[PDB]
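See below for the structure under consideration.
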Amino acid sequence: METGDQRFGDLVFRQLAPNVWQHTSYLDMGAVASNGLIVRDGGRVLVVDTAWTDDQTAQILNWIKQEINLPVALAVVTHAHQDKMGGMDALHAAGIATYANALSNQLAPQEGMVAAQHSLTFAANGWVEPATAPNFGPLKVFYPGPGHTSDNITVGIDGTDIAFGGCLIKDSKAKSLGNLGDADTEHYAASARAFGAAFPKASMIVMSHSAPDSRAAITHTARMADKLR
Ligand SMILES: O=C(O)[C@@H]1CS[C@H]2CS[C@H](CS)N21
Ligand SMILES: [Zn+2]
Ligand SMILES: [Zn+2]
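Residues 39 to 67, 71 to 270 in the deposited numbering are what the sequence shown lists, from first letter to last.
Next up, the structure:
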């Protein structure tokens, strides 16, 4: 927890830009961090990823109400793991519209997760079909291909130098990819590089389990992935 960070309950918030904050929640497994984003877009707020749990995700919503005081219009979640979708019910209880890759929603029940209300689909070039992501404002959603998981998606924030790699991208000092059973080790490297190419001017790379990094996180991640093919 660095200087300039705010704490609300068990959550930590770091402002990254005038209209963007990183939310961080922890699960004791020894407190393992997971990062998401909060975006102020005019008179509304957009959320990328829940916290680990419903209660933690409610803390995010209370912090937003208290510190930003704008309604949360929608949330997009970036794949079907507990750190990204664990608080879906808290969002739904607040009347927030939720979006995920169709595959994430298909996987959610098997994972003991609650599926989002709406499914995103993607063109062959990886960009989201705009009709499935209505009124996403500055959020530009890109499916880079299979990597960390088959369903992982990524998000750039228009008007900023920020892109969110989710759990696909590791920080540039990482000693391993942590890749498990559901990783695609054949395509991981190409998918990391695809994320980089989709958001070629993003200079701040936000990710799920490390603090924000430079684009070196992308190239370092791709190098680690090259070794697995
Ligand atoms: O693989 C990881 O590094 C992170 C932290 S521990 C492991 C279990 S939950 C979450 C899924 S991305 N995760
Ligand atoms: Zn994951
Ligand atoms: Zn994760």
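Just so you know, even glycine gets a beta-carbon here, dropped at the ideal spot from N, CA and C.
*Kindly examine ligand 2 and report whether one of its heavy atoms sits closer than 7 Å to the Cβ of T190.*
yes
*Got a sec: does ligand 3 put a non-hydrogen atom nearer than 7 Å to the Cβ of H61?*
no
_For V182 and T173, I'd like the C-alpha separation in whole angstroms._
11 Å
*Quick one: is the Cβ of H122 within less than 7 Å of any heavy atom of ligand 5?*
This structure does not include ligand 5; its bound ligands are ligand 1, ligand 2 and ligand 3.
*Do the stretch 111-125 and the stretch 89-101 touch if we need at least three Cβ pairs shorter than 8 Å?*
yes
*If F236 and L269 are in contact, beta carbons under 8 Å, what's the gap, nearest whole angstrom?*
About 17 Å separates the two Cβ atoms, so there is no contact after all.
*One or two residues paired with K181 in a DSSP bridge*: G197
*asked:* Given this structure, state the Cα-to-Cα distance separating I246 from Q158, to the nearest angstrom.
replied: 28 Å
*Report the rounded CA-to-CA distance for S191 versus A224, giving the unit in angstroms.*
7 Å
*Check whether the Cβ of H250 sits closer than 7 Å to any heavy atom of ligand 1, and report yes or no.*
yes
*Backbone CA spacing between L132 and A116 [nearest angstrom]*: 8 Å
*Collapsed DSSP secondary structure at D96 in the structure displayed*: helix
*Would you mind reading off the limits of the alpha helix (DSSP H) that contains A263?*
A257 to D267
*What three-state label does DSSP hand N103 in the structure shown?*
helix
*According to DSSP, what are the bridge partners of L161?*
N142
*Nearest-angstrom Cα separation, counted from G188 out to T226*: 7 Å
*C-alpha distance - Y184 paired with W59, whole-angstrom precision*: 22 Å
_Output needed for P253: all residues of its chain with C-beta closer than 6 Å, excluding positions within five of it in sequence on either side, in chain order._
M245 and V247
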